[PDB]
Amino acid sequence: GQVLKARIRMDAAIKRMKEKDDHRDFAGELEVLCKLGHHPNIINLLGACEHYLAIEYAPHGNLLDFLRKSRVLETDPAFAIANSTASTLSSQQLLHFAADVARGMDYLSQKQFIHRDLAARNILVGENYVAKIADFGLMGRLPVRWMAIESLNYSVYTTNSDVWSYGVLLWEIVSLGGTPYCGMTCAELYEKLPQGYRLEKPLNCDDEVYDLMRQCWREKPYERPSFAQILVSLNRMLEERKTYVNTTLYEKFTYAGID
């Protein structure tokens, strides 16, 4: 369809769709969204009508673009250098986005909802900088870099594979919107992943946050943490004085690559 900002919350994004695939997908989507209920960390279905599917507007856009715009050394070096900072986002704000998504996915997974496409591109930064789970859709190419091995090999999609993808999302957050496995092809992933290859620890990252990521990517789906377990660990970290994601500038500072 076609998405435009509107007012009817009052501010809305509305999907405009003429009344065979699209008709099934629009009906299907509406069906899903009605069953989701309401929570601060999921998108807010305002309503649908026929003369159109509307959700509450998120003024800060999707999380991937938001993370990337925070890369202030690239965006505004004079501000960044003067302030010895690589990001307008603190470690606290970054882990809070991550906790929001964990909180939202715990809510959804307790209803046996399986997302299937968790990635920072599908998270909205909403009112008050509250992260909101969404799904904007997928040539319909498979999101290989976010997918659990069992999804790549057998099309097995569970809460456990959602946790895998969440771990990659966590990696995106910490790396400020870096491309996972940059400089590696998707075909190299089909090969290397079953060999036990995983994303490396970002330089700016505490071992403890890397360890949470690693738990999400266990080969055995059944050994991965639940979203509630992830949430509690993130909550623990956020309560501490300790800074977990280093955003300060140093002489050899480089960002995780994108393009």
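The term rigid core refers to the most C-alpha atoms you can superpose between the two forms while keeping them within 1.5 Å. Note that residue numbering begins at 1 and tracks the sequence as displayed.
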RMS Cα shift after core superposition in 5 other deposited structures of this protein, winner of 88 to 96 and 151 to 159: 151 to 159
With the rigid core held as the alignment frame, decide whether 37 to 45 or 60 to 68 lies farther from the shown form in 5 other deposited structures of this protein, in terms of RMS C-alpha distance. 37 to 45
Test item: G177 lacks coordinates in at least a third of other entries: no
For at least a third of the other PDB entries compared, is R145 missing from the model even though its neighbours are present? no
Unmodelled stretch of the deposited sequence separating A187 from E188, binned as none, 1 to 3, 4 to 9 or 10 or more: none
What number of residues from the deposited sequence go unmodelled in the gap from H51 to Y52, classed as none, 1 to 3, 4 to 9, or 10 or more? 4 to 9
Mean C-alpha B-factor comparison - 161 to 169 and 69 to 77, higher one: 69 to 77
On mean C-alpha B-factor from the PDB entry, just flag whether 145 to 153 or 179 to 187 is the higher one. 179 to 187
Sort the modelled residues of this chain by their C-alpha B factor and say whether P59 lands in the lowest, middle or highest third. highest
Lowest, middle or highest third - CA B-factor, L234: lowest
Going by what the PDB entry lists, where does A228 fall on CA B-factor within its chain: lowest, middle or highest third? lowest
Of the three thirds of Cα B-factor ranks in this chain, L30 occupies the highest
Third of the chain, ranked by Cα B-factor, where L203 sits: highest
